[PDB]
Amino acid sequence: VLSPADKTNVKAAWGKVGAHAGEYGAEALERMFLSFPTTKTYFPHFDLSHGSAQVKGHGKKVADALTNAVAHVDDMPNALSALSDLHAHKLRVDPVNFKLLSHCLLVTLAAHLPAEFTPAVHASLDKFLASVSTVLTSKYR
């Protein structure tokens, strides 16, 4: 579980993200597809080319859900509850792929936030993402 400071850090790191979320989600998804290509099996419909506008908007939707999960950091299970079914009953993305997208997300915020990506905040953000993943993966079976 996230701690007071875990939350304080998370809220501060996503604070500076601001109106770059979409842009960050973008990259992150993009970092994911190039590095772990197996992840491309869920996006066969997509145009996964560099700069694809289809990635850009997916990017947005993903970073919005994260933004919102921070705004409910004390009630993530029921705030993401809807996104949880989706991934378990319609999409059905294997749970390993989550740990990969978190990784690419960290890497990203790390490239844009040199001032605030401190050890303490890296660790906090890692716990955060692990928690979002757990909720989204919680109703698989």
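Numbers follow the displayed sequence, beginning with 1. Basically, rigid core = biggest C-alpha set you can superpose within 1.5 Å across the two forms.
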> If you line up the core and then measure how far each C-alpha sits from this form in 6 other deposited structures of this protein, which stretch comes out higher, 66-74 or 85-93?
Replying inline: 85-93
> Mean CA B-factor: is it higher for 78-86 or for 64-72?
Replying inline: 78-86
> If you average the Cα B factors in the entry, which is higher, 47-55 or 105-113?
Replying inline: 47-55
> Of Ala130, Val17, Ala123, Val10, which one's C-alpha B factor is largest in the deposited record?
Replying inline: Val17
>> Quick check on the deposited entry: does the C-alpha B-factor of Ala28 sit in the lowest, middle or highest third of its chain?
In response: middle
> If you rank the chain by CA B-factor, which third does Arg92 end up in: lowest, middle or highest?
Replying inline: highest
